[PDB]
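In: Test case, fold it:
(14 chains, ligands or ions: 11)
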Amino acid sequence: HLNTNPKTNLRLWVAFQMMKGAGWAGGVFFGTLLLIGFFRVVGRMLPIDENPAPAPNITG
Amino acid sequence: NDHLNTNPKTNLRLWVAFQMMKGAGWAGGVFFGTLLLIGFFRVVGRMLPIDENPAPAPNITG
Amino acid sequence: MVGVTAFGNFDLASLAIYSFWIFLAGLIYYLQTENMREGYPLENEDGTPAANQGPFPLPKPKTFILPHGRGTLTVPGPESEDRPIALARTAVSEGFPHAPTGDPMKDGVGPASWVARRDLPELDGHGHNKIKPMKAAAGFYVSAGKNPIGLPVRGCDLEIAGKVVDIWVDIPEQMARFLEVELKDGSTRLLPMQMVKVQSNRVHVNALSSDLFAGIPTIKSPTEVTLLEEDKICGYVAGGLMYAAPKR
Amino acid sequence: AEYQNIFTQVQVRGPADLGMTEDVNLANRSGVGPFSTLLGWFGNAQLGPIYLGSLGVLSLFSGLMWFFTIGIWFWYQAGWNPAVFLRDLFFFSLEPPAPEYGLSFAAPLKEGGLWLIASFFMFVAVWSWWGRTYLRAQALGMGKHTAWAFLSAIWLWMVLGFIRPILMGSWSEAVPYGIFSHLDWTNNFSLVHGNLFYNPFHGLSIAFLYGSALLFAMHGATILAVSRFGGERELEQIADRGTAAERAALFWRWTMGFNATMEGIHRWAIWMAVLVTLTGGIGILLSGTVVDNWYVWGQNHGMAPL
Amino acid sequence: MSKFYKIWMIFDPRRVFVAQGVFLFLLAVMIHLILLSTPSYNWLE
Amino acid sequence: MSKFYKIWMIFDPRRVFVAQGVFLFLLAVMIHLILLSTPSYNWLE
Amino acid sequence: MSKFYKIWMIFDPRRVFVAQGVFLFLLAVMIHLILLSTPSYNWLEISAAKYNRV
Amino acid sequence: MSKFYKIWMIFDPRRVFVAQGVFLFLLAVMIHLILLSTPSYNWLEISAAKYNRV
Amino acid sequence: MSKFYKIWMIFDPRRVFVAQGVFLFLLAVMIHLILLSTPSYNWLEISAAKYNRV
Amino acid sequence: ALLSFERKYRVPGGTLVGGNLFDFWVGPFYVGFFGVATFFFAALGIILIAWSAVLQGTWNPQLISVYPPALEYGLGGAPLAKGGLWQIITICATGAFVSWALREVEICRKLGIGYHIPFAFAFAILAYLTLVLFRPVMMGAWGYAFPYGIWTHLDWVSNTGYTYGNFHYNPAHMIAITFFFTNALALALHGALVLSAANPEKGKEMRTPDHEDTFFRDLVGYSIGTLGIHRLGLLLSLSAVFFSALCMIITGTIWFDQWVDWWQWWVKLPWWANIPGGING
Amino acid sequence: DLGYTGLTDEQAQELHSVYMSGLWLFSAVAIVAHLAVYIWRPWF
Amino acid sequence: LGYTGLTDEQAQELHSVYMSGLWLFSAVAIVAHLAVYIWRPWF
Amino acid sequence: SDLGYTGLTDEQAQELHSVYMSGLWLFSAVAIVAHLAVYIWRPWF
Amino acid sequence: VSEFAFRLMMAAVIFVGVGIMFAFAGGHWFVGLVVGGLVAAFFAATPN
Ligand code: BCL
Ligand SMILES: CC[C@H]1c2cc3[nH]c4c(c3C)C(=O)[C@H](C(=O)OC)c4c3nc(cc4[nH]c(cc(n2)[C@@H]1C)c(C(C)=O)c4C)[C@@H](C)[C@@H]3CCC(=O)OC/C=C(\C)CCC[C@H](C)CCC[C@H](C)CCCC(C)C
Ligand SMILES: COC(C)(C)C/C=C/C(C)=C/C=C/C(C)=C/C=C/C(C)=C/C=C/C=C(C)/C=C/C=C(\C)CC/C=C(\C)CCC=C(C)C
Ligand SMILES: COC(C)(C)C/C=C/C(C)=C/C=C/C(C)=C/C=C/C(C)=C/C=C/C=C(C)/C=C/C=C(\C)CC/C=C(\C)CCC=C(C)C
Ligand SMILES: COC(C)(C)C/C=C/C(C)=C/C=C/C(C)=C/C=C/C(C)=C/C=C/C=C(C)/C=C/C=C(\C)CC/C=C(\C)CCC=C(C)C
Ligand SMILES: COC(C)(C)C/C=C/C(C)=C/C=C/C(C)=C/C=C/C(C)=C/C=C/C=C(C)/C=C/C=C(\C)CC/C=C(\C)CCC=C(C)C
Ligand SMILES: COC(C)(C)C/C=C/C(C)=C/C=C/C(C)=C/C=C/C(C)=C/C=C/C=C(C)/C=C/C=C(\C)CC/C=C(\C)CCC=C(C)C
Ligand SMILES: COC(C)(C)C/C=C/C(C)=C/C=C/C(C)=C/C=C/C(C)=C/C=C\C=C(C)\C=C\C=C(/C)CC/C=C(\C)CCC=C(C)C
Ligand SMILES: CCCCCCCCCCCCO[C@@H]1O[C@H](CO)[C@@H](O[C@H]2O[C@H](CO)[C@@H](O)[C@H](O)[C@H]2O)[C@H](O)[C@H]1O
Ligand SMILES: CCCCCCCCCCCCO[C@@H]1O[C@H](CO)[C@@H](O[C@H]2O[C@H](CO)[C@@H](O)[C@H](O)[C@H]2O)[C@H](O)[C@H]1O
Ligand SMILES: [Fe+3]
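Out: Numbering: from 1, shown residues only, chains lettered A, B, ... in the order given. Ligands and ions are numbered 1, 2, ... in the order given. Below is the structure in question.
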């Protein structure tokens, strides 16, 4: 009910929209990174690395 | 965006974020000014014959 | 070398250092008590004496004899702010600001506060008015620096409020104390020189806006100014830094 | 900008003030000298009159003899060469006699006797000047505070040049009359007595010197901050307390928790200043006569690891 | 740069700001990872 | 607990938000400097 | 303890709240730094040596 | 014993409460520090020794 | 002896009470410190000797 | 409790940060935003000094010391036991001093007075930073700073002063010392003069600024005036601190040898450099 | 009630809801960064 | 009673909310302490 | 003013002292419990 | 910027310049420093 002047609110609105876009993109990227980390965690927890599978592909 | 907007909830969120941004930006400005000042003193020390005439330790390590 | 110790490692140097600790404690006690001759005893925010008065007792009274029969001032003694202080406490508990009830710049509270000093002029060692306008003084002239007479006076809102007419100077000090300023209505207000920025083409005043110079207190005489008037003028002028702020 | 009242922006000049006269003997008084605009940008531009009584003229004559004696010896060290005299002026020295003479006056003039003569001159000059300050306070009916404040520095001076050499039994201990000679005397005094930093009275003297600087920064800043309320007129604020005195008191009341008055801050000031030389004289007196190694003494009294 | 304001006669800003924020953040992440990939700047060793 | 909103009935939010902003930035700078000083975490090599 | 709310009949909440906040954060930093000073509880060095990062 | 409430006829309870709080906290800190300075009671290294966390 | 109460007719109770309280605390701390400095009365070191904690 | 004249000044306003959140007085103290900050920093610094005492193994107040990191750490971090506690306490001390200055700024605004006091305090703060920030960084090591002990910081002073011979030959040091000594002399004179005027011989009338002008003109043929003496005191103290920070900003950064050799440039002036006779001829 | 700040109950409720929404968002962002860093280089 | 200008109902509500915060804070601290003690017990 | 320099009454003082004694005893009991726990853990006698 | 302030900055810069010039020309830095200080002081003391 007190707020600020409309001119600063315009900068605030623009920055809020940009931050919402960046925030969703960051949420997607960090969800993927956390999923990769979860698979890394379960892989380290597993008896893997006592059985290193050979390279399926030539170096290339 | 300026004449229609969406809701006063957006204005309240923007105002709260603006206030916290003011605080964090004053903190950032003072911190970065300190960093600039120390960088200036260090770079002035770089171009001086110090490190060619080093001085011994003025106090024991402790 | 008398390096002999009476006991333990207590030599003459130890005697000296402990003697100085004792003397310093006594001296700090004396200095603190000599500085409790104003504003004591402490009072509650309602004006009654407070429960706590500090570990230091009040000193014995001392009497000053003012040079020109102005009377004997004994300090410490009874004290009272003999003026209508217009403030209301914002909180029931102690230690909170007292809000002004009215216009603080006019009531003389906060940064605009003034003290009910004696309503008599300031007398030099010759028994004459210490401060008098340039005309009243005989032979005094602007010896150096800018001469701020006839210059426009620009308030903090950047609008002219008047023109400088005369300077009030100090007789035994030869210091320029006050500027006399005339407004649109032809009346004169005094300005302390510590608040004016005397430029080359104007005499700026950051303390007061243009529509406040008429609110400056006036003087009963146009040649003599008393301590009460000086205090009122200075308090009003310095109060504009906080209160005349919203108008740039 | 906002004016800070560090320089007067407008100067005013009037009749020459010849001062007051409570019991002053007008005969010895001088006449007003010139007026200094440059120096008037900072304070009173008037110079003179100067009172020249009987202790005053005694002090002037003795100080003239002391300074002139040092000057003649400096010329002698120069080979009477003006170019050398202006080249080695700082490095000159009217040194005291070497320790083998002890306290004896039987020292050759070139070997410290001239130092004895100049020291007599300066002793007489300074003591007559102290009497002068006391008498000038007496004539105007004022308190003798300046006389005692001077006596503090006089005691440090007497310890450095007179009392400590007598106690040590040789004039060789005293300070030479040279620019870098007395600097070297200071550094060598510290080195001989083993880190004068661990002299407790040297530490106290430094505490009160730092305190004098702190206290005068505080007081000058305070009075300039309330000069807009006529804070400069400290005597009238004592007699008739104004808003300047109350605002100055309340600033420090709200900052530190305690405050002074317009009169008692000057009690603080004078004591903070005189304790410098009082503790310094005590510390120099104890050095050598009582303690010859201050760091070992410190070790024995806390103050330093064993 | 004067006339570039007419760009908001073409595209609705309420969506353009979101799209641009996404773009710039993803560009930042790409550059960060590219510096990570080279061995002379990988700050996460 | 569901009465924590009353903290705003005592403190003016206009100032508490600025206070929190400066506090959080200082605390973040603090922990970053603590980590950078650690040999095992000094990511700026 | 049932009548400890009377502590608010002595102290205005505004000053007590800021005093308590300063006190608590001071104590928290105090204890964290105490632990970070001793070699037994410096978690940074514990994790460095456990994972052989030196 | 049963008439010590009269102490609040002499001292303002606000002053005394603040003074006592400061004094109690400082005393507790100084006793904790006294204990933590002596190797016999420094619980951090006591635990480090009892668990071979050195 | 049985007319010692009249001391309160000549001394303000508040200042005397605070002065005697601070005096008592300072004396108590000084005596505890003198004892703690002396090895024969440092109860911490005595307890360590009894239980061979070093 | 308040002084007999305090109440008319205890009004809201003048606060830089907040405005009513931290606008109150605890006892005589004005607590602001910066009051809270300075209390926190000071309490942390004191507690950490005591903690470093127990880590050092001493409870002698005159033996407690908190040393900075060694020269090997350069301008980097350090473990708390080695030099980290000193770095944290330097952070706390800098924060406390700055918060104190800004709290003084708030008090000045609330009382409607000039800002001379916080400015003069900023001078001391910058001298402190010259000793703990500017000189170490220009030198490249936090071990060039001083420890936080009563007598060990004098050890720092002595070792630094003898790293360059007799420090008395630093000329910025000379002007700073002259300023300090004349400032002490000025303070003695000012206190004595005001006390002599306010306290007459015995049972007679108080004196006037003209009377003290008269006394000092009859003494030394001059008087600077009551505004001039306070100007002079502030200037002497601030310039003493300035040339102190100057003598320790050029030392070990511009001049590296014994400072006495500086004074050789004057005695080797070619016109009289090679004249026989005198001290150096 | 107390009204030290001139805020009605509903205004305080609305502002507090906005503040706690932002608080939870910030806390979640920090938690995600903390887990990512812990996986990359744990401190335990 | 007397100073602070508060009522018993206002004081009761204020203490109730303050105790809610107190117990929430204390519980979070307790869970943190137990986790640390599991990680590196000090007794 | 032995009837109360602080302006309290003998009724308010009674209640204040009762609540303060309650708090002091609660604090002291907590301290006793902590003292005994440490004394079991490592007695100082 | 007051007349005195402009005169002060000009005095500083002219002092630096003439000091450099007379240090190279005069055979030593002392001569240049003395000449620069003298001229700059005589310039700054005189008003406009
Ligand atoms: C390496 C050298 C030693 C050291 C060796 C000494 C020695 C030796 C002495 C001091 C003394 C002092 N030291 Mg030390 N000091 C050291 C390091 C320091 C440091 C520092 C940061 O390191 C500081 C701040 C100080 C500070 C001080 C002062 C507090 C004190 C001087 C008081 C004074 O103002 O006398 C100045 C005033 C006078 C000497 C009296 C002058 C007044 C009389 C009346 C003169 C008359 C004037 C005459 C009539 C006319 C004048 C001539 C005209 C003007 C031309 N020292 C180191 C450790 N120091 C002095 C002292 O007393 O301390 C115990 C002293 O003797
Ligand atoms: C509290 C300790 C501090 C202190 C205090 C202090 N000093 C004091 C006083 C006080 C309270 C005085 O009252 C006294 C004084 O008069 O001050 C102006 C003084 C004084 N402190 C002085 C100096 C001084 N104080 C110093 C230090 C200190 N003084 C401490 C820091 C130092 C240092 C640091 O070394 C010095 C150099 C003097 C200015 C003065 C004492 C003057 C005095 O005794 O003079 C005697 C004269 C001589 C021995 C030589 C005179 C040389 C002349 C060239 C003679 C010829 C004159 C000529 C003929 C004049 C012609 C005039 C006509 C043309 C009109
Ligand atoms: C493998 O091959 C390699 C890479 C080795 C080499 C081969 C490279 C090849 C094949 C390169 C091909 C390059 C080409 C074809 C590049 C073309 C580049 C062009 C056309 C770039 C154009 C840039 C134009 C810009 C950025 C224009 C911006 C214009 C505006 C922003 C206009 C503003 C409009 C507004 C404001 C609204 C308009 C509305 C009104 C009402 C005015
Ligand atoms: C070097 O020497 C060492 C340190 C080793 C040994 C020396 C040790 C020494 C000298 C120790 C001294 C210890 C002393 C004297 C300790 C005294 C401690 C006391 C008295 C602690 C008291 C604590 C009291 C508390 C925690 C009470 C809290 C009460 C409340 C929270 C209730 C609030 C009361 C209200 C609200 C009153 C209601 C009022 C109305 C109007 C309804
Ligand atoms: C380095 O040198 C050494 C220390 C080795 C040797 C030197 C020793 C020296 C110089 C020793 C000097 C000793 C001296 C001078 C001792 C003097 C002792 C005196 C005069 C003691 C007097 C004591 C008086 C006492 C304890 C009185 C106590 C009174 C009361 C407890 C009653 C309180 C008064 C009341 C209640 C009056 C109130 C009644 C009404 C109606 C107001
Ligand atoms: C020295 O000590 C060390 C570091 C060694 C260890 C000790 C560490 C300690 C004790 C650290 C203490 C940490 C504490 C107590 C941290 C406290 C953090 C808190 C309470 C943070 C609260 C944050 C609340 C936030 C960020 C709320 C933000 C809300 C808004 C910005 C509302 C507007 C925004 C909305 C609604 C959505 C987003 C939209 C925009 C435009 C941002
Ligand atoms: C070196 O020595 C060491 C540190 C090792 C050992 C020393 C240890 C010592 C001495 C430790 C001391 C510990 C103490 C005394 C800890 C005390 C902790 C306390 C009392 C914590 C209190 C926490 C309280 C909290 C978190 C309060 C939350 C309160 C609220 C959220 C208030 C709610 C009120 C609102 C929202 C507005 C109310 C308004 C209306 C109208 C109802
Ligand atoms: C062109 O030049 C002419 C010839 C015209 C004049 C120039 C003269 C010059 C250049 C003079 C230079 C003077 C200087 C540089 C003097 C330096 C003096 C310094 C630095 C003194 C420092 C300390 C001096 C002290 C502490 C002296 C203390 C003396 C006493 C306390 C009195 C001593 C009294 C004694 C020894 C006993 C006296 C009693 C009898 C019976 C002899
Ligand atoms: C501080 C103001 C009040 C001063 C105290 C009032 C009495 C004034 C005279 C007291 C002088 C005696 O004071 C006492 O001197 C002896 C002399 O060995 C000191 O001696 C003690 O400590 C020193 C230094 O660690 C040890 O080397 C020595 O073995 C030990 O006896 C005491 O630490 C001191 O407390
Ligand atoms: C800011 C005012 C002062 C400015 C000082 C600036 C730093 C120095 C600037 C001048 C530097 C060069 O100035 C010049 O250097 C040469 C160096 O050989 C010196 O000159 C000296 O050697 C040269 C040959 O080289 C001879 O011709 C000359 O007779 C001799 O005096 C002098 O020092 C000066 O004539
Ligand atoms: Fe003064």
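In: List the contacts of whichever residue of chain N sits closest to chain M.
Out: Nearest residue of chain N to chain M (C-beta to the nearest C-beta) works out as residue N:2 at 58.2 Å. Every residue, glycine included, has its C-beta placed from N, CA and C. Applying C-beta atoms under 8 Å, 6 or more residues apart in numbering or on different chains, we find residue N:2 in contact with C:199, C:200.
In: how about it, phi and psi?
Out: With angles defined as degrees, to the nearest 10, residue N:2 sits at phi -70, psi 160.
In: what separates it from residue E:22, distance-wise?
Out: Here residue N:2 is placed at a distance of 55 Å from residue E:22 (C-beta to C-beta, to the nearest Å).
In: Skip the chain neighbours and tell me the closest residue to the residue of the stretch 101-250 of chain J found nearest ligand 9.
Out: Ranked by C-beta to the nearest ligand atom, the top residue of the stretch 101-250 of chain J for proximity to ligand 9 is residue J:151, at 13.5 Å. Nearest residue to residue J:151, sequence neighbours excluded (C-beta to C-beta, 6 or more residues apart in numbering or on different chains): residue D:303, at 5.4 Å.
In: One more: residue D:99?
Out: Residue D:99 sits nearest to residue D:172 (C-beta to C-beta, 6+ apart), 3.9 Å away.
In: what does residue C:168 give?
Out: Spatial nearest neighbour of residue C:168, excluding adjacent residues (C-beta to C-beta, 6+ apart): residue C:178 at 3.8 Å.
In: and the helix or strand hosting the one you found, what other elements does it pack with?
Out: Following DSSP states H and E, one finds residue C:178 within strand C:176-182. On a contact count with 3 or more C-beta pairs under 8 Å, 6 or more residues apart in numbering or on different chains; DSSP states H and E, strand C:176-182 meets strand C:131-133, strand C:160-170, strand C:188-192, strand D:10-13.
In: buried stuff in it?
Out: Neighbour-count burial for strand C:176-182, counted by 16 or more other C-beta atoms under 10 Å in any protein chain shown, picks out C:176, C:177, C:178, C:179, C:180, C:181, C:182.
In: what's next to that strand, contact-wise?
Out: Residues contacting strand C:176-182 (C-beta under 8 Å, 6+ apart): C:131, C:133, C:148, C:153, C:161-170, C:188-193, C:196, C:203, C:213, C:225, D:8, D:10-12, D:230.
In: For chain E, list the residues in contact with chain A, please.
Out: Residues of chain E lying close to chain A by C-beta under 8 Å from any C-beta of the partner chain are E:13-14, E:17-26, E:29.
In: Buried ones only from the residues you listed, please, as a PyMOL command.
Out: A single PyMOL command is used to select the members of the residues of chain E next to chain A judged buried by 16+ other C-beta under 10 Å:
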select buried, chain E and resi 17+18+20+21+22+25+26
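In: Which members of the residues of chain E next to chain A are positioned in strands?
Out: Within the residues of chain E next to chain A, no residue falls in strands by DSSP state E.
In: Show me the residues of chain E next to chain A that map onto helices.
Out: In helices, defined here by DSSP state H, the members of the residues of chain E next to chain A are E:13-14, E:17-26, E:29.
In: Close to chain K: what parts of chain E are there?
Out: residue E:44.
In: What values do phi and psi take at the closest residue to chain A within the stretch 1-150 of chain J?
Out: Of all residues in the stretch 1-150 of chain J, residue J:19 sits closest to chain A, at 13.9 Å by C-beta to the nearest C-beta. Taking degrees, to the nearest 10, you get phi 140, psi -30 for the backbone angles of residue J:19.
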